[PDB]
Amino acid sequence: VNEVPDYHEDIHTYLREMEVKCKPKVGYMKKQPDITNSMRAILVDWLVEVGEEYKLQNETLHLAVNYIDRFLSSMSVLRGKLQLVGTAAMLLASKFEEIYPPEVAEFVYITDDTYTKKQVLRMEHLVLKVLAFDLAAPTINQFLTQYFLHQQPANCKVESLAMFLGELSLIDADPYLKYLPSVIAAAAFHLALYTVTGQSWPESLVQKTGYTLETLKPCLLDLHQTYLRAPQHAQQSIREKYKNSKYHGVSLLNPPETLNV
Amino acid sequence: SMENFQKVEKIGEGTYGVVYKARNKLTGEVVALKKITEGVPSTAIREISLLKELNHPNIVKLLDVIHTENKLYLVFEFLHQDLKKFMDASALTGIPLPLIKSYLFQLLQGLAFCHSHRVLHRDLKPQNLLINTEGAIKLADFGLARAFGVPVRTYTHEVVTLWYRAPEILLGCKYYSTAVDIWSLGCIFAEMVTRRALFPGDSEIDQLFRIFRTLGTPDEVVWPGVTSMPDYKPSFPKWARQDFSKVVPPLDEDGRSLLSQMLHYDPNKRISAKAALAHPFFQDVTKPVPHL
Ligand SMILES: COc1ccc2c(c1)/C(=C/c1cnc[nH]1)C(=O)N2
């Protein structure tokens, strides 16, 4: 019952439909006059640090990022206000997903008093208005945990490494805004499985998802390059986080040099 | 913003704030207005976000949200009465069997739709089930609900109004799932038939002992793993399981069979809402208007 046998295919279908509706605009950053891909990377890396400091769920982080990308798809923001958007997004995601969210004062503290309490609460309301309260969005993690049920047998390193790779994709809007969560999750699962065990995307997931290594190839080639370059990336908080024994130290594993795909 | 609504009277109150009956002056529609620091409450954020996609004939509809600087109004569909008040008003007449069966059939359709959309309700009790004069019954109050993942992760402990709370929650299990809302509906089926709560405890331990006195103290045969659960104690008294026909004497054989599957100890064996819709108890189900 913890794997909901009678509902898991209905839920998967439903998430498939909702990811298309919650999808940010692929080309938004070129329409932002004052912010760039690089400034977004810095913000998302900081949110990883905040989630680590307050011991928040990984789902909470993924939700906050969906909210930010949706908000910036329609609202032009100056570089001095980008962190105010991020803070309000993380506050909303914590209220939705956490048993014990941090208090608003804690969210003011982590911005170093760049912003007042009143500014954070005002931005909360604006983000709710712009998104029309539509907060129950699908994430990469929601698809990953379903895919993990197809392992024969379950491997903790495969699970943590796929999580790590999905997380790295959050940092880089080019190229990852062009792929759906269910696709990033599938490429991440295949790459982690291959790296740890030598195995490949299983037939049982072809039956569930309709995705094959053929349709996954473009995202897989991107993700592979990202994994190879991760030690040199300007942003490092995800690699540091996934050194921890909580995540079986998976950021210390060596990427495969080729995929044969 | 609210210029088009005329308040009529107060109809409810809770943790959230207060509910009024009101009437749209332009369309004539009757509505329920739920009126609502740390910014917007997390219970309101969950209610609004989760009801945006839960459009179903047996789930109360969220029609609009009016979010000012100062107040937040949720504009909901209005229904005449709650099932708790109807059960009181049916005192010595009883509620006819065709109406009980229709209401249970409808509650199971609403619940299966929630579960198919990854939502746990977590507070099903007669006060949160609303009825109208045409024979509909609908699930209401999603402020205690929560969107789940597959498989589930640990969520808020000690949930569900005590009298309707499942044993896996009382025993402190790390995980709970869709089976908790089924337990609640089993308690509600018994209550419609008798008119009194099935397990009316006054503390968590008294709640457990009342359930054990009716269904037997569970062991490793009936419920594998039970003796390792965090709040299980080997000193619990060991009560014998009672012939199910003594639990709700007026219920026939099919009714008894469905109730026993909704109140199974082991959450892995408890019946799903989806599976229950095909139970032989519902072979002759219709949808009559309520008798009062
Ligand atoms: C508590 O949340 C809700 C939500 C929607 C609602 C009611 C209550 C509600 C309450 C009620 C009580 N008796 C008649 N109606 C109603 O008609 N619609």
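Every chain is numbered from 1 and lettered A, B, ... according to where its sequence line falls, protein lines coming before strand lines. What you see below is based on every heavy atom in this structure, not just the backbone, and it leaves out hydrogens, waters and symmetry mates.
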Among B/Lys274, B/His67, B/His157, the residue with the most heavy-atom pairs under 4.5 Å to chain A is B/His67
Between the OG1 atom in B/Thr68 and the NE2 atom in A/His125, the distance rounded to the nearest 0.5 Å is 7.5 Å
Quick check on A/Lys208: does its NZ atom have over 12 non-hydrogen neighbours (other residues, nucleotides or ligands) under 6.0 Å away?
yes
Start with the C-alpha distance between B/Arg153 and A/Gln57, add both sets of side-chain angles, then the distance that settles side-chain contact (heavy atoms from CB on, under 4.5 Å), and finish with yes or no.
CA-CA 10 Å; B/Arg153 139 171 50 103; A/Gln57 301 293 309; 3.2 Å; yes
Among the options A/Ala132, A/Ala105, A/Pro101, A/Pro5, pick out the one with the most heavy-atom pairs lying under 4.5 Å from chain B.
A/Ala132
Heavy-atom count around A/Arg16 CZ within 6.0 Å, excluding the residue itself: above 12?
yes
Interchain contact, A/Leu135 with chain B, by part (heavy-atom threshold 4.5 Å)
both
So which part of A/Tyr14 gets closer than 4.5 Å to some heavy atom of chain B, the side chain, the backbone, both or neither?
side chain
For the OH atom of A/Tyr7 and the SG atom of B/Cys114, what is their distance to the nearest 0.5 Å?
10.0 Å
Check this for me: A/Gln152, atom CD, are more than 12 non-hydrogen atoms of other residues, nucleotides or ligands nearer than 6.0 Å?
no
What part of A/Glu124 gets closer than 4.5 Å to chain B, counting heavy atoms only: side chain, backbone, both or neither?
side chain
Side-chain heavy-atom pair B/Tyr176, A/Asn2 within 4.5 angstrom cut-off:
no
Using non-hydrogen atoms and a 4.5 Å limit, figure out which bit of B/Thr37 sits close to chain A: side chain, backbone, both or neither.
backbone
Enclosure of A/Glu106 CD (heavy-atom neighbours >12, cutoff 6.0 Å):
yes
B/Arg146 and A/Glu97 ion-paired at < 4.0 Å
yes
Check ion pair B/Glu53-A/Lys21 (N to O, under 4.0 angstrom):
no
Between CG on residue A/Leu131 and OG on residue B/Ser49, distance to nearest 0.5 Å
11.0 Å
Take atom CD in A/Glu49; do more than 12 heavy atoms of anything else shown fall under 6.0 Å from it?
yes
Using a 3.5 Å distance criterion without hydrogens, assess whether the side chain of B/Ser177 forms a donor-acceptor pair with backbone atoms of A/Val1.
yes
Identify the heavy atoms of A/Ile99 and B/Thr154 that sit nearest to each other, and give their distance.
CD1-O, 3.7 Å
Nearest-0.5 Å distance that lies between atom CD in B/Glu69 and atom CG in A/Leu121:
13.0 Å
Side-chain (B/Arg118) to main-chain (A/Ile11) donor-acceptor, under 3.5 angstrom:
no
Most contacts with chain B, counted as non-hydrogen pairs under 4.5 angstrom, among A/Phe96, A/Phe148, A/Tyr100
A/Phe96
Identify which of B/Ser116, B/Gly149, B/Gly39 forms the greatest number of heavy-atom pairs closer than 4.5 Å to chain A.
B/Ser116
Below 4.5 Å from any heavy atom of chain A, which atoms of B/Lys52 appear? Answer side chain, backbone, both or neither.
side chain
Counting neighbours of CD on A/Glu203 that are heavy atoms of other residues, nucleotides or ligands and sit closer than 6.0 Å, is the number greater than 12?
yes
Are the side chain of B/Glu38 and the backbone of A/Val104 linked by a donor-acceptor contact shorter than 3.5 Å?
yes
Rounded to the nearest 0.5 Å, what separation is found between the OG1 atom of B/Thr178 and the CG atom of A/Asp6?
8.0 Å
Contact origin within B/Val119 toward chain A - heavy atom pairs under 4.5 Å
neither
So what's closer than 4.5 Å to chain B heavy atoms on A/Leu91: side chain, backbone, both or neither?
neither
Spatial distance of atom CZ (A/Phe133) from atom CG (B/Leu50) [nearest 0.5 Å]
13.0 Å
Contact class of A/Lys129 relative to chain B, heavy atoms under 4.5 angstrom:
neither
Residue-level interface, residues 264-272 of chain B with chain A, non-hydrogen cut-off under 4.5 Å:
B/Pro267, B/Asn268, B/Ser272
